[PDB]
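Notes for the one structure printed next.
Residue numbers (the entry's author numbering): 1 to 45.
Put into structure tokens, the structure is as follows:
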């Protein structure tokens with residue numbers, strides 16, 4: 001796919017998902033950060 005380990009990307013995800021809401025961050029952060037990525041890809045350019 002691309003260079004750089006998934007963990008570093010998740011670290012960035014942790015900062016953004018944490019800001020929007022706190023609690024049960026493990027499942028919530030992974031889903032919220034990842035779903036944003038899907039939206040970003042569909043967003044033109």
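Just so you know, even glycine gets a beta-carbon here, dropped at the ideal spot from N, CA and C.
DSSP-derived helix/strand/coil call for residue i
| i | result |
| --- | --- |
| residue 3 | coil |
| residue 43 | coil |
| residue 38 | helix |
C-beta neighbour in chain B for residue i, strict 7 Å
| i | result |
| --- | --- |
| residue 33 | No chain B appears in this structure, which consists of one protein chain only. |
Could you give the uninterrupted runs of the beta strand (DSSP E) lying entirely in the region 3-28, keeping only those of 3 residues or more? none
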